[PDB]
Colleague: 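Mind having a look at this structure? Questions to follow.
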Amino acid sequence: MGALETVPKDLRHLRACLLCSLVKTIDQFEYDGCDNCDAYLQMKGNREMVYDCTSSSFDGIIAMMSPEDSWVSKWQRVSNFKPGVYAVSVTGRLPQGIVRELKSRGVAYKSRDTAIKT
Amino acid sequence: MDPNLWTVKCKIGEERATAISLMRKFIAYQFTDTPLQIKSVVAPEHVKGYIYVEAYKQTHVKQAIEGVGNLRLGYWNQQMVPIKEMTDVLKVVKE
Ligand SMILES: [Zn+2]
C-alpha cells in the first residue's frame, strides 16, 4: 500500500500538510504534491502553494503503516489516508480562499491543530 | 479490535530519524514473505530515549526492530503502554 516516495527524504525543511497532516520535505511537496490531497490542493510544481498549504510548525510524528488497522490512525483521523509519516498536531490554518474552494467541492476542512491550548 | 502501544528504548535524539527509518523498512518488506506486522510508530515531540510502536503482539515489535541499530538496547524488552494512557502518547500541550 505504501510508496517510498511518500517518506520524508531527510529531516531538514520538513512541513506538514494543513489538510491531511502528512509530513514531507518542502522539495518533495514541490516535486510530487501531497500524496493525499493534491487533486484538491494542486501544490505540485508550485512552491508558493506549498507554503500556503503546508506548515513548518508541527509537533511529533507518526509513521503510519497500516491506517486501516490502527487505533492511532482513528484517534488522529488519518485512517482513510495513505501509508506515510504524519504530524501529531499541525499549527496553522488553510487560507480562507482555499477553505471556501474546498467546501464548494465536497471537501470539509477540520483543523489538524490537535494541541490543548493553555 | 484494536492494537496496543509498546515502548522501545531508542538512541537519544534519534527518535524521529528512527521512526522514519521504520517507515521505509515497512514499505521495503511489504511485498515479501517477511513483512512488518506493526501498524505504526509514534515519536512524540518532547520524548527522549524511546519510541512507541503499535502492534497486536509484542513479538511483532521485536521482529520489526531487529537489525535496527538505534533500537538495539530496546530489542530484548518492550513495555506495554497501559491502555488508559494511550491517548497521552498523542497529547500536545501549548501554553
Ligand atoms: Zn495533504
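The chains referred to below are lettered A, B, ... by the order of the sequence lines, with proteins before strands, and numbering in each begins at 1. What you see below is based on every heavy atom in this structure, not just the backbone, and it leaves out hydrogens, waters and symmetry mates.
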Colleague: Partners of A/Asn36 by side chain to side chain donor-acceptor pair (under 3.5 Å), sequence neighbours excluded?
Modeller: A/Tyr86

Colleague: A/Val88 versus A/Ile62: any side-chain heavy-atom pair under 4.5 Å?
Modeller: yes

Colleague: Using the salt bridge (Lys or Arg N to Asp or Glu O under 4.0 Å) rule, collect all pairs that involve residues 43-58 of chain A, keeping only residues at least two apart or in two chains.
Modeller: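 Only A/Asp27-A/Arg47, A/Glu30-A/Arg47 qualify under salt bridge (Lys or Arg N to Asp or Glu O under 4.0 Å).
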
Colleague: Let me check something: any side-chain donor-acceptor pairs from residues 81-94 of chain B under 3.5 Å, sequence neighbours excluded? List them with distances.
Modeller:
from: B/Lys94; atom 1: NZ; to: A/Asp59; atom 2: OD1; distance (Å): 3.3
from: B/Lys94; atom 1: NZ; to: A/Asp59; atom 2: OD2; distance (Å): 3.3

Colleague: With sequence neighbours excluded, what pairs up with B/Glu14 under the side chain to side chain donor-acceptor pair (under 3.5 Å) test?
Modeller: none

Colleague: Who passes side chain to side chain donor-acceptor pair (under 3.5 Å) against A/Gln28, sequence neighbours left out?
Modeller: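 Result, side chain to side chain donor-acceptor pair (under 3.5 Å) vs A/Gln28: A/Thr25.
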
Colleague: Under the side-chain hydrogen bond (donor to acceptor under 3.5 Å, both in side chains) definition, can you give me all pairs with a residue in residues 106-118 of chain A, not counting sequence neighbours?
Modeller: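 Passing the test, one end in residues 106-118 of chain A: A/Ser89-A/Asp113, A/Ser89-A/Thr114, A/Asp113-A/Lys117.
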
Colleague: Crowded around B/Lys25 NZ? As in, over 12 foreign heavy atoms under 6.0 Å?
Modeller: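 It does: B/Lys25 NZ has more than 12 such atoms within range.
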
Colleague: Hey, could you give me each pair passing salt bridge (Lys or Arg N to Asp or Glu O under 4.0 Å) that has a residue in residues 37-62 of chain B? Not counting sequence neighbours.
Modeller: A/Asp69-B/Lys39, B/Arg16-B/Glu45

Colleague: Sequence neighbours left out, what passes ring pair (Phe, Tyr, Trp, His ring centres under 6.0 Å) with B/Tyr50? Give chain and number order.
Modeller: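 Ring pair (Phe, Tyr, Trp, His ring centres under 6.0 Å) check on B/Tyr50 returns B/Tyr52.
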
Colleague: Is the shortest heavy-atom distance from the side chain of A/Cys53 to the side chain of A/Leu18 under 4.5 Å?
Modeller: no

Colleague: Report the hydrophobic cluster partners of B/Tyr56, with the cluster defined as I, L, V, M, F, W, Y residues connected by side-chain heavy atoms closer than 4.5 angstrom, directly or transitively.
Modeller: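 Via sub-4.5 Å side-chain contacts, B/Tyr56 links to B/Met1.
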
Colleague: Holding to side chain to side chain contact (heavy atoms under 4.5 Å, CB included), I want the full list of residues that pass it with A/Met1, two or more places apart in sequence or in another chain.
Modeller: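 With neighbours one apart ignored, the set is A/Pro83.
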
Colleague: Looking at A/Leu19, A/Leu102, A/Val107, which hits side-chain contact (heavy atoms from CB on, under 4.5 Å) with A/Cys37?
Modeller: A/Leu19

Colleague: Going by the side-chain hydrogen bond (donor to acceptor under 3.5 Å, both in side chains) test, which pairs reach into residues 92-106 of chain A, not counting sequence neighbours?
Modeller: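 Pairs touching residues 92-106 of chain A that pass the test: none.
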
Colleague: Would you mind listing every side-chain hydrogen bond (donor to acceptor under 3.5 Å, both in side chains) that reaches into residues 2-22 of chain A, with sequence neighbours excluded?
Modeller: A/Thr6-A/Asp35, A/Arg15-A/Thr54

Colleague: Consider side-chain contact (heavy atoms from CB on, under 4.5 Å). Of A/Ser55, A/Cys20, A/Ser56, which one does A/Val90 pass it with?
Modeller: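 Answer to the side-chain contact (heavy atoms from CB on, under 4.5 Å) test with A/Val90 among A/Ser55, A/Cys20, A/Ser56: A/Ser55.
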
